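A lone chain, given as structure tokens: the form deposited in one PDB entry.
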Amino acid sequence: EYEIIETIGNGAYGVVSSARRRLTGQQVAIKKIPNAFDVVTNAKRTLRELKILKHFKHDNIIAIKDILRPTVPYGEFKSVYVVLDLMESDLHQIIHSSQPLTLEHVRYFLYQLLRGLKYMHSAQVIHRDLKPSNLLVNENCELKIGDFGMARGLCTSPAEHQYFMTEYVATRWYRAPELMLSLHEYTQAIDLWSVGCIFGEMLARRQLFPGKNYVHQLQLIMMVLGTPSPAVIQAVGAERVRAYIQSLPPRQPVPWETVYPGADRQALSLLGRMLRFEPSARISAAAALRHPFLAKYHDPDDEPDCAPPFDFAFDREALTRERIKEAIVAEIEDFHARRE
């Protein structure tokens, strides 16, 4: 059914190769999840990604084009092959390169990211790990959100270490204050902080808050945003963090005009609405699409929502490796049953 072109990716997630469907000639990406059922955590992540990707049908979200069925007896089925959209590059590679990246690239890239998030957020899915390298870009300039391994809903299981250890959730440089500080307000606003960091990074072609560790990350955010308000400080989970913030002299926010000199006024207005300490003070993905900065591309009638919401109940279940394997195999079966 597929002719392998060349092996591209490795590792942690598995091996990624480019390929073509022999009959149609259609170019695809094939990801091999080797020994997919050996580790609970990894198997749970595979299951979660398969369901999330099967749930969405959106141009700015990576899609499963095919899932290869077992070709061996059930007991011998050990590695999963997922056929995905072939995406040549990513936003990290574009930002950090000799390629052009004008205000017009920023505007179009931001538009697509926000269009994809509006859809995902309406399904009650918080990606929690947005960063330029997870924003894949093809040769036609289509941006797609990938890597849904860290994604969660509005309600998560207390059985997971992350439930309590929010400061290890995702990547330090794009991690929302609520996760860093355990503010007990974990909504789609987590993603809008990440968007602001990505937006800033596209404007200057360098990371906005590249903290060397936990404290340095907090320092970096406060050097621009100013000291958090007492309402935020009181909500800080840990006393050592709370005490550390209070041990520092008062700081007023620095205008985005100083951080990004001579940058577009409408780009800084939108950036300001995204990068706020308080999750509820942040602009939503839907309201950001209505901002004058994205007026050129914005069509309310071409920016869909996702109905019905995605349910994370399956992920909260304590399953053994074998029970997760059965669930994954049932997902591959459902994929083919829905197609036929």
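Residue numbers here begin at 1 and follow the sequence given. Think of the rigid core as the biggest set of C-alphas that the two forms share within 1.5 Å after superposition.
Although not depicted, the form deposited in another entry is the subject of the following passage.
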query: Once everything's superposed on the core, is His184 shifted 2 Å or more at the Cα between this form and the one not shown?
result: yes
field: Threshold 2 Å Cα movement between this form and the one not shown for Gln266, core superposed
entry: no
- prompt: Rigid core fitted, is the C-alpha displacement of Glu139 between this form and the one not shown 2 Å or more?
  reply: yes
- prompt: Are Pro230 and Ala287 closer or farther apart at their Cα atoms in the other form than shown, with the shift being 3 Å or more?
  reply: closer
